[PDB]
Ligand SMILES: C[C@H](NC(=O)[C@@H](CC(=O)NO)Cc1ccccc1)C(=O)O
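In the form solved without the named molecule, a lone chain appears below as structure tokens.
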């Protein structure tokens, strides 16, 4: 049972296919159309079924060419409203029918952000993009909005002819709209079954550049050249990922660089990974996010979590593969450096939530929890830490990678639970069951807080970061003169970020130390978003009033939640910036992504 879905479960009926025909109306901020669901009964004498919806207007439901009865239930908060459909003829087990639902979305759809021309790079055209994970697909179309059900899909999308539509699917042509010569229809096919959280749409003034044999980058024209360079390692990462995971089954691997309000670093929409433009550091240094989205083509998109309580299966295995791709490209010492950084992010999340908090468990219970409120680094890093621990326990990365490949092959096209994973781990490692039974499974999977054992990490690349951080933390006023730009000369961007992260873990530092850091290191000049984020948090938490306009600008000029939520929270916690933080939120809230708007409002206690 999926506690986040109000739809008929997969034991009752299963959507096999969606045919979406829709029109994007930027004047009304609506998507209007038909969703034709091919549904297979899983029981005898099926006479009704229930779909998820959220803020959808339903015009009619058509089966066998006639309108049928349907009823929308009372709204259940973030879950939306269940839609019960009375079938005209009882179905036997395995019988399939087509249900055609005529619907329109709400301008406030939590799946969608509608941008005005002034919010875009080009300033002439508007822009739309979706983000369905976890349970926002129901705010675009009626569906069994659960990852326990996988379907293929086809779509035809009518847009103003000056604009381009793309989806999480193979492009299947474009024509003038035969109903309206001011519009174009773009067609799409997704022939690999997916959970519906992977459906995605973008409409805007998009251009493409080829960067590899199976990859185009898409953005507004102003970002194409920088994006092509930034993501040039993509084909190399795809080849490594195929070596680790088995064949790439999805045909194309395109990248779409969204406007700056995209809420996440990336989203693994099949055939078309969506990425934040905050990756555009100019030196490819944030390419781990691409390695992570590539990895999801296996762990998440092929093997899927059955319910959101088991989300760690998706993210932990993806971080694990991501860090192997980066280790194959840049060395094993680098993989251990990134692994140890992730432990630090886990320490931070556990300290923030508290060590007894239920969202620090690996397997969570999202009954009556908004999944967007539970989202954190925990499933990423506690999930990675478990796999990295098991790697060490079971004989190292070569051996554990054999398990990963076999796991993907076993559960390809399926939706699974933690128990399914664990049973297969035990089956695969049958000759090492004595080692597996040493694991404290109850603590790792079901207990809050830090895991009960910390893995072993190579320290080679970390040591200079720790040493410099400790020099600053232990410095007194009379030591500040000893710091110099030469301190950084042998540090990569990754090490500078880790130096900041280590130092931020001990924040605040005295204001004179932070002033001295700017004087000698000129961190205000650095445009790398991860470095800048941690530098600005360090400054604000250390009560540097000069950093307030910089922090407010970064919090509002982009909307990646990783950056925006903690910058707003730091600014609200500094008495000198509190009022500006709340005022700035209130002035921007109407033109924010709807999920970001909600979560920053929760964080700032501003309703």
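Positions refer to the first chain, counted from 1.
One more form of this protein exists, namely the form solved in complex with the named molecule; it is left out here, but the text below deals with it.
- Considering the named molecule in the entry with it bound, the lone stretch of 166-174, 470-478, 82-90, 290-298 in range is 290-298 [heavy atom distance within 4.5 Å].
- Using a 4.5 angstroms limit between non-hydrogen atoms, residue 145 is distant from the named molecule in the entry with it bound.
- In the entry with it bound, the named molecule sits beyond 4.5 Å of every heavy atom of residue 204.
- In the entry with it bound, the named molecule sits within 4.5 Å of a heavy atom of residue 266.
- Of the heavy atoms in residue 54, none are within 4.5 Å of the named molecule in the entry with it bound.
- Out of the listed residues 400, 521, 375, 114, 375 is the one that sits within 4.5 Å of the named molecule in the entry with it bound by at least one heavy atom.
- Shown without its partner, this chain lists 380, 320, 218, 253 as candidates; in the entry with it bound, only 380 has a non-hydrogen atom within 4.5 angstroms of the named molecule.
- If you take 551-571 and check each residue for a heavy atom within 4.5 Å of the named molecule in the entry with it bound, you get 560, 562, in sequence order.
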